[PDB]
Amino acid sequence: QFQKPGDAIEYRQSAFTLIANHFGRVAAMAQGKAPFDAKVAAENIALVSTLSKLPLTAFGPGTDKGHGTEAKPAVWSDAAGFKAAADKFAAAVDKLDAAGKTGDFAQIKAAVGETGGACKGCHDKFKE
């Protein structure tokens, strides 16, 4: 779906930006920085879940260069490591999605922690 490799880069960056913004709204409630509203949390979680399925589809062959990319070469040269990182994130987001549907603060908070750990674990190995 990307005509030029720059397109894949801008797409994945864009998806990550939207994920970070909506995930951050949920995290703010989990951290007690904003009052908890289960409906609003659920809406933001649903968006995170939808968006989470997008960026990791945009690291195809030849999408490694330029356009302000912060993807490390290891994304392509340690593809197994990158896939493990992606799968850990998908598993955490599944739990987050389930938590959003229950409206249980504790379950949401636990899943925010797991999800955030997956963001960081991938970035440590694969993002500048």
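Heads up: residue numbers just count along the shown sequence, starting at 1.
- Averaged over CA atoms, B-factors in the entry run higher in 116 to 124 than in the other of 18 to 26 and 116 to 124.
- Two stretches are in play, 87 to 95 and 41 to 49, and the higher mean C-alpha B-factor belongs to 87 to 95.
- The deposited CA B-factor of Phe82 belongs to the highest third of values across its chain.
- Among the modelled residues of its chain, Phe59 has a C-alpha B-factor that falls in the middle third according to the deposited record.
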